[PDB]
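One structure is given below, encoded as structure tokens.
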Amino acid sequence: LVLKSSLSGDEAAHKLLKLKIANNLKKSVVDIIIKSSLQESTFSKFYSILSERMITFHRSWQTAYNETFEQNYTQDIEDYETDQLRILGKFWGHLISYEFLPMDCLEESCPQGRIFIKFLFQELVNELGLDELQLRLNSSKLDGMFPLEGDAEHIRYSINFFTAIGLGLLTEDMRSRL
Amino acid sequence: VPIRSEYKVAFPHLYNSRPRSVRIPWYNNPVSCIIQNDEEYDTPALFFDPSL
Amino acid sequence: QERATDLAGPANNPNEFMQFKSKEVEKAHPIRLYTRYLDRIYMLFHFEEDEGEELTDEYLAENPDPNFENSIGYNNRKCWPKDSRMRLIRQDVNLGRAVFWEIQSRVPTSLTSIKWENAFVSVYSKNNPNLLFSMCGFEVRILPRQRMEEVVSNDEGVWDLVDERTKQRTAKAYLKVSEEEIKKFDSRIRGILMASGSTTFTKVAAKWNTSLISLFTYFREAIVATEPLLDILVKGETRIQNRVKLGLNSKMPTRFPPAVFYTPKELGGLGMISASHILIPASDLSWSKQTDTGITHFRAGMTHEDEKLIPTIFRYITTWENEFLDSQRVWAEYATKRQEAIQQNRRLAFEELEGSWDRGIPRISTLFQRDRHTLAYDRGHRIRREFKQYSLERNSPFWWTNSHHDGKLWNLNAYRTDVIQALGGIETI
Amino acid sequence: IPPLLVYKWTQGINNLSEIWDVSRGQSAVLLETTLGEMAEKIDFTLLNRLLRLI
Amino acid sequence: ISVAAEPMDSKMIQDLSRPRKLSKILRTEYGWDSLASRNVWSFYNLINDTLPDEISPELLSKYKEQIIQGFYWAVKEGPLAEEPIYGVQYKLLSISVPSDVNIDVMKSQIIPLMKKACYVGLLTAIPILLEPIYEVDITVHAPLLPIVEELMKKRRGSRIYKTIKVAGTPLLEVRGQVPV
Amino acid sequence: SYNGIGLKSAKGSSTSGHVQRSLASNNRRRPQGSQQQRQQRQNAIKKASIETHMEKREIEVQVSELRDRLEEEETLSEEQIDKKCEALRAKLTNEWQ
RNA sequence: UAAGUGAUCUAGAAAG
Ligand SMILES: [Mg+2]
């Protein structure tokens, strides 16, 4: 109701904060928000804005968000239909383009999840700018998204995936390993 | 400073620009006045003794 | 002539809107983009420094300016704030004026009157970072993010403008419902209220909904930013409510809990479609009109509530940018599907496209309605609809769209469903 | 649709090449205005002639 | 003209806030500076020396009242904010005086030029704005000191130096510093 | 109106005129500590980047000292002190090339 | 190392 009885995301965020729900229920709240976002036909800036507001507000909310994210890619991602999944990815990208730290945990794991990842990447590209985005990625530890070590043609799959959605540096990586 | 509206009515002619029909407020001393509630007579209770 | 021709393209294969067969050609002339809208033209000139200077000089020659009264009597956009509105630099201001003069010279006054009081000249420069303009009822502030200080989190209302080559969200464009549109809305509300001493509360409510829907469907994204519009909505809604309460000869705030208004007609209520229970953005009106702004301190919104959060129509309307992006996606998808069908030799079924059925502009579903062949010959229809205003007494409030050619651009059954929930559930009601 | 049109226009403005650059003083001027009384001052003779063309 | 810049001693400055030989002696007493510097010195408002090599031979640098007038302007209206200069020395290093001499230009030119030189010196010397600080006295009751502390914390510059106990009374006469 | 922010008047408004201060406001205020990250990144990106006079000063000091000495011990006449001072100056000059 | 305090309009009777 709060989410839907609010013009901008900011207002919604404020309303949520008014409630002052316990550090227990923050995760639940986040989940609910995510669900709501999914429900809407396409990705809205509103939800993202709300998330940002929450995130800035407190470390516990950040933690909750992180937890939610973990839950998603791990166990709740494969349940969603495509459009919804895409929307979710976009939202996550938005969150991660600025507010979140790029911390990401990613042959077997490739159906819905892979497409979600792709969507996220696209979102990031849109927000940032390709080269800049790449640089940012490099800056963080990032072993899951781009594993540096060759590991006997395991990076080939990743490269292929990257190629499927217009991206760079993969080729360079491939060259490096031989 | 955020220039709160608390400060406006305290120094009207200063902090507020174009004040009109504004009366002047008071600006006071502090009231050390101690009343005994335990039925006792002339006691330094709430405060502390001199040095010497 | 030549420029016009270039804009058009060649006759055998003309350009689409704002596209050119080459970049060099586009570069050549000072004018870049044109669009007349219904006798309200929009010209984007892109000058170099040398070019600008010459123009300025010419202007000076025409009309000497020793006291410097060119910034004075210059159409700037009061809706925006003093920092983000067009800055009055003695170069930039002069340049715009010169341009305007040139334009005026180009047409004879006898054929059409291009007045300075009518006109507006925004100028992007090293000193002016906000390319501002009002189109169609929107006030758009295009602010490139390279010029922006800290590239803050994308708000709601802002369209992130995208570079088509690199796919980068390279600029921002902030929206606000132009004051004229707000005024129009207010007028409409007044009309609805006036000449309604009788009317069945429900009829009035319906009218209000229609008005509100028109307002919100037309500028979905662009409402959020404009506070005046929000205020008006709050006021308008309240007025509407009071109309109903006027009928019942009271207006005692307890005797009309939101139940009676927002409850749908299918539980005996009026079934209004509120946009009033929003906590409006308040701000330092000292620093609001002046300089710069941020969303701090919410104002009350409309009523005393029993912690009954009545949902708001806006959250059930897909903001325009999103819609456009969706359209871009699903039309491409549709095309792909068609191609596939062709390859495989089949008629493309409407059950396969289900999923992206009520998604797009025009809504995908405009292809496969059972009366399409005839509407393909109805060309120049939008214009006709627009011009309807001058033929009819009471006009369409949804002139901008048209169901048959576009499909239902909004849907509000979800809202209906949720209002009841907000009001406790059915039992409570 | 008008909002769509507006969006398109915005995109175009963004998508013009070197449009936001201000290194060499590339001054972009957006002029907007009404063609005042454009309906109210058509001559019918001239109009007729114009029509005859099309 | 080339003029240097260096801050005076904090104690010295404080003293200042609260006959050439005599002046020199005083200076020595204050900061234990060199005697040459003392001899050259001639200050206002802060400090102005005339300590090059050739000035003792030269008669151009001699008669420096007019010159010092120019400096006063600089002191009044500094470089950073066009706001007054404080706790600064100004020792001359060299003076570019031409062969041709005219009383109208020589003085007038110096007037701007001196100020400019001063500004340059300031720039060189890692300049910093100095805001003032109010010394504060508050006289809270006993139990409200924490509140006061909190308030102080909330303001940017702030320092509770000592919470003096006002005898025979509840009051905690708390000395403070708060930037104006 | 409180801190320039409340709605001017309760009438007209068609609303309570109540004013919750937002908790997005705080967020907006704060990220110079937590925007901060961006700033840090920027910093990281751009992170890597007279003797004669002194001699003269010394000479002057020496001269002053000499003068003081003269004042202290038998030099009411100027010629003597001046002479000695001159000599000292000469010596100094010799020392510095 | 520091979030989350407060601002809350109204308010019906006659005749037409
Ligand atoms: Mg009558």
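Please treat every number below as a calculation from the coordinates, not as lab data. So basically every Cβ, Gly included, is an ideal-geometry build from the backbone, and we count neighbours across all protein chains shown.
Side notes on the structure shown:
- When shorter helices are ignored and each DSSP H run of at least 4 residues is given -39500 (n - 2.57), the per-residue value for chain E at 222 nm works out to -12000 deg cm²/dmol.
- Phi to ³J(HN,Hα) by Karplus 6.51 cos²θ - 1.76 cosθ + 1.60 over segment E:110-120, Hz, x for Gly, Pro: 4, 3, x, 4, 4, 4, 4, 4, 4, 4, 4
- Inter-chain neighbour count for C:318-328: the average number of beta-carbon atoms from partner chains within 10 Å of each residue's beta-carbon is 5.
- For chain A: rounded, prolate or oblate by the Cα gyration tensor [a/c cutoff 1.5]: prolate
- For chain D, calculated [θ]222 nm from helices alone, where every DSSP H run of n ≥ 4 adds -39500 (n - 2.57): -14000 deg cm²/dmol
- Pairwise centroid distance, computed over Cα atoms, of segment A:1-19 with segment E:78-148, Å: 53
- Take each residue of peptide B:2-9, count the partner chain Cβ atoms within 10 Å of its Cβ, and average: the result is 3.
- Per-residue Karplus couplings for segment C:132-148, computed as 6.51 cos²θ - 1.76 cosθ + 1.60 with θ equal to phi - 60°, are listed in order as 9, 6, 9, 10, 6, x, 7, 10, 10, 10, 8, 10, x, 6, 5, 7, 5 Hz, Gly and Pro entered as x.
- Shape category assigned to segment C:86-212 from the gyration tensor of Cα positions, a/c cut at 1.5: oblate
- Where the Cα pairs of chain E fall when distances are cut into 10 Å bins, in %: 8, 28, 25, 16, 12, 7, 3, 0
- Per-residue Cβ neighbour rank within 10 angstrom, fewest leading, E:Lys91, E:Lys162: E:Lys162, E:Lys91
- DSSP beta bridge pairing in segment C:42-186, given as percent antiparallel to the nearest 5: 95
- For segment C:1-154, diffusion coefficient by Stokes-Einstein and Kirkwood Rh (Cα), 20 °C, 1.002 mPa s, µm²/s: 123
- Where only alpha carbons of the protein assembly as shown are counted, the Rg and the Dmax (Å): 37.8, 126
- Only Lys, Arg, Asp and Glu carry charge here, each on its Cβ (+1 for the first two, -1 for the last two); on that basis the protein assembly as shown has a dipole of about 4200 debye about its Cα centre.
- Farthest towards the positive end of the charge dipole of chain E, among the residues E:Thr169, E:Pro19, E:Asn102, is the Cα of E:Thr169, using unit charges on the Cβ of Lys, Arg, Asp and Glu.
- Kirkwood-type radius of chain F, with distances r between different C-alpha atoms, in Å: 21.3
- Gyration tensor (alpha-carbon) shape descriptor, chain C, a/c threshold 1.5: oblate
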